[PDB]
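These notes concern the structure reproduced below.
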Amino acid sequence: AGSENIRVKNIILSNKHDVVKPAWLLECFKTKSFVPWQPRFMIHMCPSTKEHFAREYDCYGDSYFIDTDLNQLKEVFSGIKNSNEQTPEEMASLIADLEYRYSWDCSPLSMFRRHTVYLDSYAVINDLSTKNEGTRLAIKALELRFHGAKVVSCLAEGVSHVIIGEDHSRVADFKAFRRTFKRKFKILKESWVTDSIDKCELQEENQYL
Amino acid sequence: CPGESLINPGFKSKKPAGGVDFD
Amino acid sequence: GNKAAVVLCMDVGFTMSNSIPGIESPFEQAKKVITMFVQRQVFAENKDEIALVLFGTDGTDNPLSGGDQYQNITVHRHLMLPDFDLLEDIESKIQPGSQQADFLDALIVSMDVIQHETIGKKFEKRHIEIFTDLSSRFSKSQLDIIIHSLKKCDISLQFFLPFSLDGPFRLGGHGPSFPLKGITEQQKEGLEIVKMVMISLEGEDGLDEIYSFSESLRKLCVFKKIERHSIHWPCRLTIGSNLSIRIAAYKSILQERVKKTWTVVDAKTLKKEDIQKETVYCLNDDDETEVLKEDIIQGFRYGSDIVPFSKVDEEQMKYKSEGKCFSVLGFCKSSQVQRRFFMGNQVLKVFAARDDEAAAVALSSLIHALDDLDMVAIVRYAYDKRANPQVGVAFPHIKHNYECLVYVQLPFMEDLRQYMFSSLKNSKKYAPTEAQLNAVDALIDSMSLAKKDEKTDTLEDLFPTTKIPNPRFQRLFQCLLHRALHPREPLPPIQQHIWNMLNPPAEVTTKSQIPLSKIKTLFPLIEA
Amino acid sequence: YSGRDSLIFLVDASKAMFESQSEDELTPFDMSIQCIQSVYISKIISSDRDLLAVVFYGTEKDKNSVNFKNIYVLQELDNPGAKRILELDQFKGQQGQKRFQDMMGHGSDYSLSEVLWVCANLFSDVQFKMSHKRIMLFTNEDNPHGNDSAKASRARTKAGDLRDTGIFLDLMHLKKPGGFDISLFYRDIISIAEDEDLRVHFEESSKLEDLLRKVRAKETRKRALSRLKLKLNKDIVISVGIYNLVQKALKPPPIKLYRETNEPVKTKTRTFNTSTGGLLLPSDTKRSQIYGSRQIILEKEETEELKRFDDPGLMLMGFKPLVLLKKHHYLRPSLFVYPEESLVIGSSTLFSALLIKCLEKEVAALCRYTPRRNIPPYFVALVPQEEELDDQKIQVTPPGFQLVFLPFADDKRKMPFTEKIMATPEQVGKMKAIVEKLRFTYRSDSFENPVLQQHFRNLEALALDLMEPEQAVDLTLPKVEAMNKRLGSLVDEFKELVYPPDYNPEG
DNA sequence: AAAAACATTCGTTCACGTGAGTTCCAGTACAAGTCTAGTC
DNA sequence: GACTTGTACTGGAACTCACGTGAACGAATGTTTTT
């Protein structure tokens, strides 16, 4: 039954039959063979079939012994509805853990995830009511976030990267804050990221200190 | 004639069931 | 389980054999009454012990006969299950005796039999029935001992007489029986003594226990003290969510059918296993292909189209409702509810829960409030979770003795039928005439079944059909007994007393001839 | 009313029927389709023996017995069915509208005379007997023929002859921008032109509300259960008929079908000897009863003769005051007795006289009732029933006799002895207040059988391939929330007044 | 000696299957009147 | 020489009730188990 009508729902209530999407017959006709069922085609499982596919297949369309393709991976992912049980910091930590485990730092993006970035977009440091929006700084911060940089609006002790535009009046304040903090964050300029993006690699900070 | 049901001519259109309606 | 022991004391002396021309002999009436009793007891398959003792017999068969006392009394049958042998004895090989006897000795013998035979098995109730004409000498020295023994044993006692406490006399004809002035002085003394003993045993109500053979033949009184009580259905009458009153409902009125059912048996050999019935399902095809039961499926018609509907599917989609529900949907004026709309096949009498003062007083308050406000309760009734819910009306019913609710089912919108009938009052063609109306009024007056008694200023019923036993059971029992006793014999005709009890008193019949003739002549009726 | 009912749905296919005057508003064509589907569904349950037809006019494609132009007979007169409902619903949605436009056509000229002729031919085609022949026109155009007067005159005359024949025409005018006016052109086409419907209508016809109101109840034509003879005496006999004004409603019986193909199957029952296996005739078998160690043998004829006292009919007995008839002595649903006059002439006059005199004296006729041959007699009371009609002269209580069965002695059961406990006046007053609070007006048709309604809903859902069944509102439930709100605390004070502090009315 | 759990019972309801009497309506035989083809 | 109409007959289908049976089911009885 390709349509989950009242009859299909009634059959679903009873656990003595198996429902298969009509695409199964079409696939059999195209291949002219008795291909076995897959979780994608079937919308219901009998206890016996449920046990049978539990060993061969997983809770989702993914299986163990038979590999998966791009189409199979997409179909499996479409099965999962949603997952919002975590927090952004947890996601960042998990992403860093996976990148470290699989040495995936060579990707064209996401290298800046390990580094927190602060921007001197406020006339008064550590103030949320003096935004200087409407300059290259905002677009630079947005691009850094897109590339994977963790943009932080608060000057916490955990900050590792700070970007200062053409205005160098508060360089003394930033240096004093760096000295006060146990962990020191290197002073960086906006041109550094502009040069790095084209190269897609973390350029040495010595020439952009 | 009045109140005749347009579906079954010859049978007066029965009023819809109301149940209990306290005054 | 429930059990009852009954001993039937029958008078046999020659004095009973006497009769007047045109009047059935008292012995025959007593024989008919006892035959009906034994027929109901045996054909109803009820575990009731029946014993028969006859006083006035020429011989003497009595354990207490020793000592030249209580003579001419025979204990024909002790306490045992009723059997066709007892019916054969009553009907055929029992004859009147030429010796008189005192019914007090029969009472003593019956009490001794009850005491001796009751010890064997548990007996919920013990009953004694005495059929006599009270036309024999008796000794009054045993009154105190008799009363004390009866009270100690606590056994019900019933008396049946040839007359009750001027056209032809018919058995159970709802008319006078044994016209006055036919009672002798000895019979007067017997009536006095029976009345006194009945009053002492029971009281004023006991005065109603002295029946007559003709009356007992069409009143079902013989089984009054032996009939059981139907089980009670317990539930909780709830008005809203919080208030609840425990209640028990009995089936006050219910159509009575025949418990025993006929079964087909081959004429050649009368064995159940000889005849076997088989059902086969075949398709509407020339080959008449056969199918198995599991192959069959359930479906329903949908206006020339058949839609499959599996039994499991029906159960899944079936209307589910919590069982054993007795809730008050609302209260409405008694005028709105009309007797025409009553449905169902039963009437429920609802009392409070057994031995519950709080529930009893709450139900009494509800009944009194409904009666004072002249209201009834529209309620929802469900016997159990597997029974379809019903909408019914419960109305108060208060009597000097007991008060209870009476529940009767009410119709749904689907049940009602909308039929239009042409008016008769305005029909000029069928309009009546003043003479015709006067004739019909005379006919109605001449055939009134109720009498306006001025002594008590009340209405007395002359034809109380509610108290007449169903003739079908009596006819069935009579025919079954006749066939059992006479295998090769045509079935007997309907008993005369049944027809007499199924007909109105001769007074109204003879008082409505001239009005009926006037109606016939005035109203022209011709077949068409 | 003898025969069946025939209905034809004339649906206009003009562009005016395919347009949305406002958003979230079904088009007139969609409304007409919905009304047709509702009528079909209602007829499936109420009376499946009726005939329904669907005809579309104004479409490019044509399909008629006359081979006319721009008229399509989608469904000829036939009994309603699920297939027809599905076909009608195929055009329900916007995709359905597109499919109908592509396969059927649009924007085509037509003539009212041609469609009336097609409807007349369709009516003539049916071979049964039609008690009512009706046509319904679903159009939203005031002047279909305004440019040509000849076509309008032809349509008018054709409608006149159709009305003269006996066909009842109704106009289900739908909402249109300018406004629909019957008085302009359709005044002389409708068989009956109510004076009220003479102005201009800016909204849909009020009859659509009635049409869309689904009815789930088997409606049955009047049919006398039995025509018997009431015998006042041996010679004085009148002919009467018995009807069941109230009858229990039962779900349609199930039908056995072959699972593989879902077709009706034939059920056959046979009897054979366990030893020989040959068929046994009814004479071969015998009826026997076992009573302990005794067996009694009787034949079918003897068994029928057992329950046989008098011939079928109503043997009249004396009259009884209505007071003696206890209201709680109910045994069987009552019946209605009405004079027949088709068997014996003059019975109507005697029946009317008897009814009038019984009403005047307030008495009831006691009778012995024997419905069928070889059946035990019962005792019945015929109480008079005068004609009663509510406002606007609509009959609600037909005139005649009401037959109520009086129970026999064996039909009554004795109740156990119970000690009577009286209630103090304060408790009675509190209950009177509570009852007055819960006062409500009861009508004979205020409730619906939940089981039958749910069964019908499930059957309709299965037949029409619906996503899920339509849950039925239970009018029989006590809706306890409203009762709690109304009673306030009355329950609490009553309980504290009557119920002991430690009673626990739950076990 | 006293309290709690399980096997058994039994009236009651629901529902199926069969039979049998009634009413209504569809199909068909049968008498019978009418109209046509044809001629003169 | 055929049609067509009106009468009457027959039989099918639905209605209703009575009879007989099988299965669920809720509550009471008697027996058994435990402390």
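Ligands are numbered from 1 in the order shown, chains are lettered A, B, ... in the order of the structure tokens, and residues start at 1 in each chain.
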I need the chain D residues near chain B as a count of residues only; criterion: at most 10 Å, counting only C-alpha atoms.
49
I'd like the contact shell of residue 24 in chain F - 9 Å cut-off, only C-alpha atoms (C1' of nucleotides), skipping same-chain residues fewer than 3 positions apart - returned as a PDB file with N, CA, C and O atoms (P, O5', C5', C4', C3', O3' and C1' of nucleotides), in the first residue's frame.
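Saved the output as around_34.pdb:
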ATOM      1  N   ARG C 386     -19.448  -4.950  27.761  1.00  0.00           N
ATOM      2  CA  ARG C 386     -19.799  -5.586  26.499  1.00  0.00           C
ATOM      3  C   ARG C 386     -21.234  -5.308  26.071  1.00  0.00           C
ATOM      4  O   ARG C 386     -21.659  -5.811  25.026  1.00  0.00           O
TER       5      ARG C 386
ATOM      6  P    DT E  13     -30.328  -9.144  30.521  1.00  0.00           P
ATOM      7  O5'  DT E  13     -29.198  -8.940  29.408  1.00  0.00           O
ATOM      8  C5'  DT E  13     -28.085  -8.095  29.673  1.00  0.00           C
ATOM      9  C4'  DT E  13     -27.018  -8.257  28.607  1.00  0.00           C
ATOM     10  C3'  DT E  13     -27.506  -8.017  27.176  1.00  0.00           C
ATOM     11  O3'  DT E  13     -26.882  -6.864  26.621  1.00  0.00           O
ATOM     12  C1'  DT E  13     -26.197 -10.036  27.344  1.00  0.00           C
ATOM     13  P    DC E  14     -27.415  -6.241  25.240  1.00  0.00           P
ATOM     14  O5'  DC E  14     -26.522  -6.961  24.126  1.00  0.00           O
ATOM     15  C5'  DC E  14     -25.107  -6.825  24.153  1.00  0.00           C
ATOM     16  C4'  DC E  14     -24.448  -7.814  23.211  1.00  0.00           C
ATOM     17  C3'  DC E  14     -24.993  -7.792  21.781  1.00  0.00           C
ATOM     18  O3'  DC E  14     -23.994  -7.335  20.875  1.00  0.00           O
ATOM     19  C1'  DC E  14     -24.779 -10.040  22.620  1.00  0.00           C
TER      20       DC E  14
END
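With only C-alpha atoms as the atoms that count, the residue of A:55, A:29, A:8, A:37 with the shortest distance to chain C is A:8.
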Pick out the residues sitting within 8 Å of residue 155 in chain A, and hand them over as number ranges by chain; count only C-alpha atoms (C1' of nucleotides), and ignore anything fewer than 3 positions along from it in its own chain.
A: 118, 126, 152, 159
Give me, as a PyMOL selection string, all polymer residues having an atom no more than 8 Å from residue 6 in chain D, counting only C-alpha atoms (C1' of nucleotides) and skipping those fewer than 6 positions away in the same chain.
chain D and resi 50-53+77+123+130+132-134
Output file for the residues above (C-alpha atoms, as a PDB file, in the first residue's frame):
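The new file selection_1.pdb reads:
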ATOM      1  CA  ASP D  50     -33.319   5.458  -4.421  1.00  0.00           C
ATOM      2  CA  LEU D  51     -31.957   6.525  -7.812  1.00  0.00           C
ATOM      3  CA  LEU D  52     -29.416   9.329  -8.251  1.00  0.00           C
ATOM      4  CA  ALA D  53     -27.969  10.822 -11.436  1.00  0.00           C
ATOM      5  CA  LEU D  77     -30.051   7.148 -12.902  1.00  0.00           C
ATOM      6  CA  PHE D 123     -36.225   9.891 -16.133  1.00  0.00           C
ATOM      7  CA  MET D 130     -40.735   6.674  -9.134  1.00  0.00           C
ATOM      8  CA  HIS D 132     -40.921  11.475  -6.751  1.00  0.00           C
ATOM      9  CA  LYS D 133     -39.057  12.743  -9.820  1.00  0.00           C
ATOM     10  CA  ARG D 134     -36.826  15.699  -8.968  1.00  0.00           C
TER      11      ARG D 134
END
Could the residues of chain D within 12 Å of chain F, counting only C-alpha atoms (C1' of nucleotides), be given as an MDAnalysis selection string, please?
chainID D and resid 49 220:226 243:244 247:248 252 371:372 374:376
Only N, CA, C and O atoms, please: the residues just picked out, written as a PDB file, in the first residue's frame.
ATOM      1  N   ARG D  49     -32.169   2.332  -1.894  1.00  0.00           N
ATOM      2  CA  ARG D  49     -32.960   1.916  -3.045  1.00  0.00           C
ATOM      3  C   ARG D  49     -33.323   3.074  -3.966  1.00  0.00           C
ATOM      4  O   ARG D  49     -33.898   2.834  -5.033  1.00  0.00           O
ATOM      5  N   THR D 220     -37.597   4.401   6.766  1.00  0.00           N
ATOM      6  CA  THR D 220     -38.407   3.345   6.176  1.00  0.00           C
ATOM      7  C   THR D 220     -39.805   3.865   5.876  1.00  0.00           C
ATOM      8  O   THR D 220     -40.411   4.559   6.698  1.00  0.00           O
ATOM      9  N   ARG D 221     -40.308   3.525   4.693  1.00  0.00           N
ATOM     10  CA  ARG D 221     -41.663   3.894   4.316  1.00  0.00           C
ATOM     11  C   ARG D 221     -42.668   3.193   5.223  1.00  0.00           C
ATOM     12  O   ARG D 221     -42.439   2.076   5.699  1.00  0.00           O
ATOM     13  N   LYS D 222     -43.792   3.865   5.466  1.00  0.00           N
ATOM     14  CA  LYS D 222     -44.828   3.302   6.320  1.00  0.00           C
ATOM     15  C   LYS D 222     -45.278   1.949   5.785  1.00  0.00           C
ATOM     16  O   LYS D 222     -45.519   1.790   4.585  1.00  0.00           O
ATOM     17  N   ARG D 223     -45.389   0.974   6.683  1.00  0.00           N
ATOM     18  CA  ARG D 223     -45.773  -0.382   6.305  1.00  0.00           C
ATOM     19  C   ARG D 223     -46.460  -1.034   7.493  1.00  0.00           C
ATOM     20  O   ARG D 223     -45.862  -1.152   8.566  1.00  0.00           O
ATOM     21  N   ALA D 224     -47.707  -1.455   7.301  1.00  0.00           N
ATOM     22  CA  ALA D 224     -48.452  -2.096   8.375  1.00  0.00           C
ATOM     23  C   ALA D 224     -47.833  -3.449   8.707  1.00  0.00           C
ATOM     24  O   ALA D 224     -47.597  -4.270   7.817  1.00  0.00           O
ATOM     25  N   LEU D 225     -47.573  -3.677   9.996  1.00  0.00           N
ATOM     26  CA  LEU D 225     -47.018  -4.960  10.414  1.00  0.00           C
ATOM     27  C   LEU D 225     -47.986  -6.096  10.117  1.00  0.00           C
ATOM     28  O   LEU D 225     -47.578  -7.163   9.642  1.00  0.00           O
ATOM     29  N   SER D 226     -49.272  -5.889  10.390  1.00  0.00           N
ATOM     30  CA  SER D 226     -50.275  -6.913  10.140  1.00  0.00           C
ATOM     31  C   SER D 226     -51.657  -6.278  10.176  1.00  0.00           C
ATOM     32  O   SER D 226     -51.916  -5.378  10.982  1.00  0.00           O
ATOM     33  N   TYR D 243     -49.138  -1.024  13.497  1.00  0.00           N
ATOM     34  CA  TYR D 243     -47.871  -0.418  13.119  1.00  0.00           C
ATOM     35  C   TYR D 243     -46.977  -0.323  14.347  1.00  0.00           C
ATOM     36  O   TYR D 243     -47.447  -0.322  15.487  1.00  0.00           O
ATOM     37  N   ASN D 244     -45.674  -0.246  14.099  1.00  0.00           N
ATOM     38  CA  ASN D 244     -44.671  -0.099  15.152  1.00  0.00           C
ATOM     39  C   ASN D 244     -44.077   1.301  15.025  1.00  0.00           C
ATOM     40  O   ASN D 244     -43.070   1.508  14.347  1.00  0.00           O
ATOM     41  N   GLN D 247     -39.438   1.328  16.975  1.00  0.00           N
ATOM     42  CA  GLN D 247     -38.790   0.058  16.686  1.00  0.00           C
ATOM     43  C   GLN D 247     -37.292   0.214  16.880  1.00  0.00           C
ATOM     44  O   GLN D 247     -36.706   1.216  16.461  1.00  0.00           O
ATOM     45  N   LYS D 248     -36.675  -0.780  17.513  1.00  0.00           N
ATOM     46  CA  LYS D 248     -35.240  -0.727  17.753  1.00  0.00           C
ATOM     47  C   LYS D 248     -34.481  -0.727  16.432  1.00  0.00           C
ATOM     48  O   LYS D 248     -34.885  -1.375  15.462  1.00  0.00           O
ATOM     49  N   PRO D 252     -26.884  -3.262  10.026  1.00  0.00           N
ATOM     50  CA  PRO D 252     -27.132  -4.217   8.939  1.00  0.00           C
ATOM     51  C   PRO D 252     -26.409  -5.527   9.193  1.00  0.00           C
ATOM     52  O   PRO D 252     -25.275  -5.530   9.695  1.00  0.00           O
ATOM     53  N   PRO D 371     -51.153 -12.378  17.406  1.00  0.00           N
ATOM     54  CA  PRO D 371     -50.634 -11.821  16.148  1.00  0.00           C
ATOM     55  C   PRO D 371     -50.681 -12.798  14.985  1.00  0.00           C
ATOM     56  O   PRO D 371     -51.254 -12.490  13.935  1.00  0.00           O
ATOM     57  N   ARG D 372     -50.086 -13.975  15.156  1.00  0.00           N
ATOM     58  CA  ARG D 372     -49.949 -14.951  14.086  1.00  0.00           C
ATOM     59  C   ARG D 372     -50.624 -16.261  14.475  1.00  0.00           C
ATOM     60  O   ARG D 372     -50.982 -16.490  15.632  1.00  0.00           O
ATOM     61  N   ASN D 374     -51.090 -20.067  15.470  1.00  0.00           N
ATOM     62  CA  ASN D 374     -50.369 -20.974  16.361  1.00  0.00           C
ATOM     63  C   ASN D 374     -49.348 -20.209  17.207  1.00  0.00           C
ATOM     64  O   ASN D 374     -48.142 -20.454  17.156  1.00  0.00           O
ATOM     65  N   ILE D 375     -49.862 -19.266  17.990  1.00  0.00           N
ATOM     66  CA  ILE D 375     -49.043 -18.480  18.909  1.00  0.00           C
ATOM     67  C   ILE D 375     -49.866 -18.249  20.173  1.00  0.00           C
ATOM     68  O   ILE D 375     -51.069 -17.964  20.074  1.00  0.00           O
ATOM     69  N   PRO D 376     -49.290 -18.371  21.368  1.00  0.00           N
ATOM     70  CA  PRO D 376     -50.087 -18.190  22.587  1.00  0.00           C
ATOM     71  C   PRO D 376     -50.688 -16.798  22.642  1.00  0.00           C
ATOM     72  O   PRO D 376     -50.042 -15.819  22.243  1.00  0.00           O
TER      73      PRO D 376
END
Any idea what's packed within 9 Å of range 85-92 of chain C, counting only C-alpha atoms (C1' of nucleotides), ignoring anything in its chain fewer than 4 positions away? Could you give it as a ChimeraX atom specification?
/C:31-32,34-35,38-39,52,77,481,485
Mind dumping the selected residues with C-alpha atoms as a short mmCIF file (atom, residue, chain, number, x, y, z; two decimals), in the first residue's frame?
data_model
loop_
_atom_site.label_atom_id
_atom_site.label_comp_id
_atom_site.auth_asym_id
_atom_site.auth_seq_id
_atom_site.Cartn_x
_atom_site.Cartn_y
_atom_site.Cartn_z
CA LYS C 31 -56.60 -33.17 42.32
CA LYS C 32 -56.33 -30.53 39.59
CA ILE C 34 -52.04 -30.71 43.08
CA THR C 35 -51.55 -31.88 39.49
CA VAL C 38 -46.47 -31.29 40.65
CA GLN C 39 -46.39 -30.53 36.93
CA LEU C 52 -47.67 -36.31 49.74
CA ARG C 77 -44.76 -40.27 49.57
CA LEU C 481 -47.75 -35.30 30.96
CA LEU C 485 -48.38 -41.30 30.41
#
For CA of residue 63 in chain C and CA of residue 136 in chain C, the interatomic separation in Å (one decimal)
22.7 Å
Residue list for chain E near chain C as an MDAnalysis selection string, 12 Å, only C-alpha atoms (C1' of nucleotides)
chainID E and resid 9:15 17:18
Sort by chain and increasing residue number a table of all residues of chain F within 8 Å of chain C, each with its closest pair of atoms and their distance in Å to one decimal, counting only C-alpha atoms (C1' of nucleotides), and write it as a tab-separated table.
residue	atom	partner	partner_atom	distance
F:20	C1'	C:261	CA	7.4
F:24	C1'	C:386	CA	7.9
F:25	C1'	C:384	CA	7.9
F:26	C1'	C:384	CA	7.6
Which residues of chain C are close to chain B, meaning at most 8 Å apart when you count only C-alpha atoms, and how do they look as a compact mmCIF listing (two decimals) with C-alpha atoms, in the first residue's frame?
# COMPACT_ATOMS: atom_id res chain seq x y z
CA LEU C 329 -27.90 12.57 32.48
CA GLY C 330 -30.49 15.03 33.77
CA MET C 413 -33.63 9.15 17.28
CA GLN C 418 -42.29 9.01 11.44
DSSP-assigned strand (DSSP E) among range 3-205 of chain A, expressed as a PyMOL selection string:
chain A and resi 116-119+150-151+161-164+186-189
Keeping N, CA, C and O atoms, export the residues of the selection given above as a PDB file, in the first residue's frame.
ATOM      1  N   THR A 116      39.305  31.106  19.483  1.00  0.00           N
ATOM      2  CA  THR A 116      38.283  32.117  19.712  1.00  0.00           C
ATOM      3  C   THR A 116      38.778  33.463  19.201  1.00  0.00           C
ATOM      4  O   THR A 116      39.954  33.802  19.357  1.00  0.00           O
ATOM      5  N   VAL A 117      37.876  34.227  18.592  1.00  0.00           N
ATOM      6  CA  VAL A 117      38.215  35.500  17.966  1.00  0.00           C
ATOM      7  C   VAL A 117      37.359  36.598  18.581  1.00  0.00           C
ATOM      8  O   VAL A 117      36.131  36.461  18.679  1.00  0.00           O
ATOM      9  N   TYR A 118      38.012  37.682  18.995  1.00  0.00           N
ATOM     10  CA  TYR A 118      37.354  38.889  19.468  1.00  0.00           C
ATOM     11  C   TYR A 118      37.671  40.035  18.518  1.00  0.00           C
ATOM     12  O   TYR A 118      38.727  40.057  17.876  1.00  0.00           O
ATOM     13  N   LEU A 119      36.741  40.983  18.427  1.00  0.00           N
ATOM     14  CA  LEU A 119      36.860  42.119  17.526  1.00  0.00           C
ATOM     15  C   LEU A 119      36.686  43.411  18.310  1.00  0.00           C
ATOM     16  O   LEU A 119      35.867  43.485  19.229  1.00  0.00           O
ATOM     17  N   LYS A 150      35.257  30.942  16.070  1.00  0.00           N
ATOM     18  CA  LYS A 150      34.297  31.129  17.156  1.00  0.00           C
ATOM     19  C   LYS A 150      34.367  32.587  17.592  1.00  0.00           C
ATOM     20  O   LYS A 150      35.274  32.988  18.325  1.00  0.00           O
ATOM     21  N   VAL A 151      33.410  33.387  17.130  1.00  0.00           N
ATOM     22  CA  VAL A 151      33.370  34.805  17.469  1.00  0.00           C
ATOM     23  C   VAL A 151      32.793  34.959  18.868  1.00  0.00           C
ATOM     24  O   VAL A 151      31.709  34.443  19.166  1.00  0.00           O
ATOM     25  N   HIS A 161      42.519  34.924  20.088  1.00  0.00           N
ATOM     26  CA  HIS A 161      42.784  35.805  18.959  1.00  0.00           C
ATOM     27  C   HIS A 161      41.982  37.088  19.114  1.00  0.00           C
ATOM     28  O   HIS A 161      40.800  37.054  19.469  1.00  0.00           O
ATOM     29  N   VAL A 162      42.629  38.218  18.838  1.00  0.00           N
ATOM     30  CA  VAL A 162      41.990  39.528  18.870  1.00  0.00           C
ATOM     31  C   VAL A 162      42.358  40.263  17.591  1.00  0.00           C
ATOM     32  O   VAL A 162      43.526  40.268  17.187  1.00  0.00           O
ATOM     33  N   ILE A 163      41.365  40.881  16.954  1.00  0.00           N
ATOM     34  CA  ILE A 163      41.552  41.602  15.700  1.00  0.00           C
ATOM     35  C   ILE A 163      41.338  43.085  15.962  1.00  0.00           C
ATOM     36  O   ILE A 163      40.297  43.484  16.497  1.00  0.00           O
ATOM     37  N   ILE A 164      42.322  43.897  15.584  1.00  0.00           N
ATOM     38  CA  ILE A 164      42.271  45.345  15.744  1.00  0.00           C
ATOM     39  C   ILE A 164      42.389  45.975  14.364  1.00  0.00           C
ATOM     40  O   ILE A 164      43.306  45.648  13.602  1.00  0.00           O
ATOM     41  N   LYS A 186      47.622  36.461  21.271  1.00  0.00           N
ATOM     42  CA  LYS A 186      48.447  37.229  20.350  1.00  0.00           C
ATOM     43  C   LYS A 186      47.642  38.356  19.717  1.00  0.00           C
ATOM     44  O   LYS A 186      46.473  38.184  19.360  1.00  0.00           O
ATOM     45  N   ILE A 187      48.277  39.516  19.581  1.00  0.00           N
ATOM     46  CA  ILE A 187      47.652  40.659  18.926  1.00  0.00           C
ATOM     47  C   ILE A 187      47.734  40.463  17.419  1.00  0.00           C
ATOM     48  O   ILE A 187      48.816  40.225  16.869  1.00  0.00           O
ATOM     49  N   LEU A 188      46.590  40.563  16.746  1.00  0.00           N
ATOM     50  CA  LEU A 188      46.501  40.324  15.314  1.00  0.00           C
ATOM     51  C   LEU A 188      45.788  41.488  14.643  1.00  0.00           C
ATOM     52  O   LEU A 188      45.020  42.221  15.269  1.00  0.00           O
ATOM     53  N   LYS A 189      46.055  41.646  13.350  1.00  0.00           N
ATOM     54  CA  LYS A 189      45.474  42.707  12.542  1.00  0.00           C
ATOM     55  C   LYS A 189      44.454  42.125  11.571  1.00  0.00           C
ATOM     56  O   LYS A 189      44.444  40.925  11.287  1.00  0.00           O
TER      57      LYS A 189
END
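Here CA of residue 307 in chain D is placed at a distance of 23.8 Å from CA of residue 241 in chain D.
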Residues of range 192-390 of chain C in helix (DSSP H, G or I) according to DSSP, as a PyMOL selection string?
chain C and resi 192-201+205-209+213-216+221-223+272-274+311-317+339-341+357-373
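Going from CA of residue 272 in chain C to CA of residue 282 in chain D covers 15.2 Å.
Residues with any atom within 9 Å of residue 29 in chain C, counting only C-alpha atoms (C1' of nucleotides) and excluding same-chain neighbours fewer than 5 positions away, are residues 24, 34, 162, 171, 213, 214 and 217 of chain C.
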Please dump the current selection as a short mmCIF file (atom, residue, chain, number, x, y, z; two decimals), in the first residue's frame; keep N, CA, C and O atoms.
data_model
loop_
_atom_site.label_atom_id
_atom_site.label_comp_id
_atom_site.auth_asym_id
_atom_site.auth_seq_id
_atom_site.Cartn_x
_atom_site.Cartn_y
_atom_site.Cartn_z
N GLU C 24 -68.42 -28.90 40.16
CA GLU C 24 -67.31 -29.85 40.18
C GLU C 24 -67.05 -30.33 41.60
O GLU C 24 -67.14 -29.56 42.56
N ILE C 34 -53.26 -29.98 42.78
CA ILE C 34 -52.04 -30.71 43.08
C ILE C 34 -51.36 -31.16 41.79
O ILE C 34 -50.12 -31.21 41.72
N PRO C 162 -62.84 -25.44 49.39
CA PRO C 162 -63.74 -25.47 48.22
C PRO C 162 -64.44 -24.15 47.97
O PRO C 162 -64.99 -23.96 46.88
N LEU C 171 -64.84 -23.13 36.75
CA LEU C 171 -63.57 -23.16 37.46
C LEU C 171 -62.71 -21.98 37.04
O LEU C 171 -62.36 -21.85 35.86
N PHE C 213 -59.89 -23.49 45.60
CA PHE C 213 -59.37 -24.30 44.50
C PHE C 213 -59.52 -23.57 43.17
O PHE C 213 -58.57 -23.50 42.38
N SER C 214 -60.70 -23.00 42.92
CA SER C 214 -60.90 -22.25 41.68
C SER C 214 -59.96 -21.06 41.60
O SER C 214 -59.35 -20.80 40.56
N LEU C 217 -56.40 -22.11 41.04
CA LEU C 217 -56.20 -22.62 39.69
C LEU C 217 -55.82 -21.53 38.69
O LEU C 217 -55.35 -21.86 37.60
#
